[PDB]
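Take a look at this one chain, the form deposited in one PDB entry, written out in structure tokens.
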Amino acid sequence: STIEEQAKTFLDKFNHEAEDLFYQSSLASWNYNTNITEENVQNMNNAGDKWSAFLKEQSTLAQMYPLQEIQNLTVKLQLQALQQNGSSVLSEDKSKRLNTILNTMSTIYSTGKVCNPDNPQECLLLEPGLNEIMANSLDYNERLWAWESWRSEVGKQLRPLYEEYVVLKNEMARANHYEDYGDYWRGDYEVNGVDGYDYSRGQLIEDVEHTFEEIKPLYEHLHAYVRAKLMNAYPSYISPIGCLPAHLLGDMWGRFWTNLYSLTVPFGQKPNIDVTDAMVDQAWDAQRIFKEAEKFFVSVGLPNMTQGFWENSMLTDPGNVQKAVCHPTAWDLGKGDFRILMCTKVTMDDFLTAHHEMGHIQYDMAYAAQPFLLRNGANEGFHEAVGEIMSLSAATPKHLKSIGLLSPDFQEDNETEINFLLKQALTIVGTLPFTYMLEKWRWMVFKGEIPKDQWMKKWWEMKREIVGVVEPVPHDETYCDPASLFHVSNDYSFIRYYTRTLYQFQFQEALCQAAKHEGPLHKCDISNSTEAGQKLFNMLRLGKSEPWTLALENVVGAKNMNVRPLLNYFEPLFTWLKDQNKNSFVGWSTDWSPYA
């Protein structure tokens, strides 16, 4: 038998052996996230440790096949994934310490609380206490306190751990034939083997930086306008030419500027497309929200949700008698099991998020026929893009009116559509410089370009230069403000959110053209469009068997990401911004700081 023949029957034995163990590990972790007890927290580890022990057993058993001797790329793809020595290439004491600091960082972040010095008996953690302050408070000193306390209390606790977290994770990547841990993360976009579609780990840095400069005209003009509106909310606090204080951006880090809409709305006189009270007047529950989302995907040619989905999903908080993890998630346990975990309230944000999570399941349902190692998105940014194009079509006023949430007499002027685009810009385009600057800092730290004596110094130098944001109080090298964000202290890559933001508009522009939509790209609804549904379904069923260069090309016709569809979405808003910023300074000074 050929080495390829021996590897195919090995993967056949693995896929059937792995699918059963993965299901027990996934269902055990479901019973914990929906029923946090002591039996279920140990069953999650018992079923989780057995999966990891089985995976390492299959790691070395897969390494007995020389990767160059295999010609079938589908089996060659699965072998390289199994032969990844991963974090087990470290010695036991290094791997046990790495797993400890990864758990300790995830602990003091989720359980870290700061106490009000004015009211010491009222202490609050990030969610929902500190996040509510950064989202709604209009007091400069109150926002300054919550912003600094989170980075001085739990941020400093993460500083010595993150230093050991970098050196241990770097040794893991350099042992697996990578440059640094950043090079290890960029391997998710790497394509090697397909002629005409190859893609290197350095091509990611080149492609995101070349496309980021094409976004600067739109972000700088929004930054100038938001600065002008923020000056009216915090007078004598923001220089008309300087950067924005980090604690006045709408959340703990300024990742999204959505909460700045109350201060930056172009025409607050117009009626607010907030259908939260409208959903209540129709006596909606969480079932009604998800049953309506189910109706959406069926109208475009996709099937209903599985019978087990409506039986096993947790669409409401099971009360205070049984506490669960209320983070909205879409579960793909395998073996035909598809669930959604979401403590849905009767609001509009949970309505749109229900379409995002159900989009993930439609993606999970499509590639279910693929082998086990190929049941995933094309890259890390494909799932998030597929989920957003669902809420994009479900957020247009014509779609919201046709459902019954908005009155059928809503006049879609050039003022209500510019208020809508401004709200979309605060979220979609506001996070692009925040995401790149974060990953660029993490890329340099792993490459050693940013030494420990200027970890935080180079961090805030890039905040001023790249993002146009200045710290309200100076931070020395004791802080670890990047680790004060969830994805940084929990060992999650962040460039996935940059790529998914560009992907979702390439996807949206392609489907809306097939949906026979005529108006602006921001007014498109792909509902009732089976033409766009089958066009997208050709992508989700592909999974990871084909490279992302092909999967993206299969739907939009491009081997790489493109910033043009994103600029077309906000083009009517871009011209309105340039009209406002004629008597305002466009750009920021990297030397202004709210102190001396």
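Quick note: we count residues from 1 along the sequence shown, nothing fancier. Whichever C-alpha set is largest while still superposing within 1.5 Å between the two forms counts as the rigid core.
This protein has a second form, the form deposited in another entry, left out of what is shown; the following refers to that one.
When the two forms are superposed on their rigid core between the shown form and the other one, the C-alpha shift of 2 Å or more among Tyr199, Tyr178, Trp284, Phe486 belongs solely to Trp284.
For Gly86, the Cα coordinates differ by 2 angstroms or more between the shown form and the other one after the core has been superposed. Once the cores line up, the CA of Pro217 ends up less than 2 angstroms apart between the shown form and the other one. After superposing the rigid core, the C-alpha of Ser402 moves by 2 Å or more between the shown form and the other one.
Compared with the form shown, the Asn85-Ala378 C-alpha separation decreases in that other deposited form, the change being 3 Å or greater. Relative to the shown form, the CA atoms of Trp284 and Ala135 are pushed 3 Å or more farther apart in that other deposited form.
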